[PDB]
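Take a look at this single chain, the form deposited in one PDB entry, given in C-alpha cells.
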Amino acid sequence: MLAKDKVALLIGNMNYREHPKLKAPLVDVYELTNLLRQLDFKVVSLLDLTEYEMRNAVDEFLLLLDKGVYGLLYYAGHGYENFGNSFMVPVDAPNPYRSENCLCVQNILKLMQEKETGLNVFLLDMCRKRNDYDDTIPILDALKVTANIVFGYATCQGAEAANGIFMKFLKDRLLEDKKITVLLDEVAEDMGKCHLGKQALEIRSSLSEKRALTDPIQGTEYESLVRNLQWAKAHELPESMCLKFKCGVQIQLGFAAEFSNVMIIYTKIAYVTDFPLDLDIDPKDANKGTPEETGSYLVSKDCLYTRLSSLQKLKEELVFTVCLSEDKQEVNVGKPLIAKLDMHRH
C-alpha cells in the first residue's frame, strides 16, 4: 500500500490550571515524535494547549491532510468518555468542565473523513471514565463508512490510565512492518504478558485495507504546493548568533527544538530577559546551569539554558534582551518553529 502523505498531531497536556498535573506526556510525546519521524511522518508535537490552542492545532493539522493521506492523532492528558464519545481536556478547563470546554475526538475524525484520508489512527492515552457534570447528549450525526478508522485506547471503558504504560509497550512495536490493527493487537498481548495485569488496551477498528505506519509515500502531486510550503515553514529554528558588547565580551546565543512549541535558548560566554508577555516566561525558571532544571526533556549531553515552552502564544516576533552585568542588547529572532504558522488565525 502507498500513502499520499503521513501526517501526525501529538498533543501532550500536563500543566492543568484547575486540575491535577501530569508528567508522562513530556517523555511519551517526545519519544513518539522520534519514532513517527523515523517512519517519514510530518510530525507536529505540541505541549500544554488551551481550548483555543487545541482547536487551532486541529485546524492546522487538517490543512496538512488530503485524499489518501495517513492521519494520526495521539493525545495524553486528562480525558473522559460520555455516550460513546472521547473528550480531550485542555489545560485551561475549569473545575468542573463540560463538553464545550473540551474537544470531542469524533468531531476531529468527521473533519478528517471530509478530507478523504486513506487512514485515520487515534491513539488515546487518557482515562475513559464518564464526566458526571456533562449534561450534553451527542447530536448523532452518522459518520461515513470509510473503512479506514483505527482507535488505540490506552485503557478499557470505565477504567483508569519514564514512559507511561501505553507508550512503554507501543515504542517496542511501532516500527514493525505490520498492518496497524495487527500491530496494536500484538501491543495488547505484550501488556497481557507483563506481570506489572490490571490495565488493558482497547482496539476499535473498521480498517479494511492492509495499511501500516511503515507504508511508503507516493511521488509528489503537482494545492499540494500549498501544503508543503506550509510544512517547510513549521520547524524553522533560529540561526546561532554571536553578540558583541562595548567592553569586548562576546556571547554565543544558541537555539534547539524540543517540540513544535518548545525551544531551548542557551548563552555561551550573560543572561536573557524582557521576553514577550504572551510567552509567560517566568524569570525564576530562566537561565539555569543545566537544561534539566528548566523542565526540559533534553539532558546536558544533548553554559546557561532557558526553555520557551509556549511558542503557540506568540502573536508577534520573538524580541528580547541579552543582559551582561551594566549593559543590555535587544535581539529579534522572528517567529521560531510553530509560531511561524499563524495558528491563531483559525
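Residue numbers run from 1 along the displayed sequence.
Although it is not shown, the form deposited with a small molecule bound is what the next lines describe.
Heavy atoms of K42 reach within 4.5 Å of the small molecule in the bound PDB entry, making it an interface residue. At a distance threshold of 4.5 angstroms between non-hydrogen atoms, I338 is in contact with the small molecule in the bound PDB entry. Heavy atoms of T273 never reach within 4.5 Å of the small molecule in the bound PDB entry, leaving it off the interface. None of the heavy atoms of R98 is located within 4.5 Å of the small molecule in the bound PDB entry.
Candidate site formed by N85, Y153 and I203: none of these residues places a non-hydrogen atom within 4.5 angstroms of the small molecule in the bound PDB entry. Stretch 225-233 is the answer when you ask which of 225-233, 103-111, 136-144, 182-190 has residues with heavy atoms within 4.5 Å of the small molecule in the bound PDB entry. Only one of the listed residues (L318, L36, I281, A57) places a non-hydrogen atom within 4.5 angstroms of the small molecule in the bound PDB entry, and that residue is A57.
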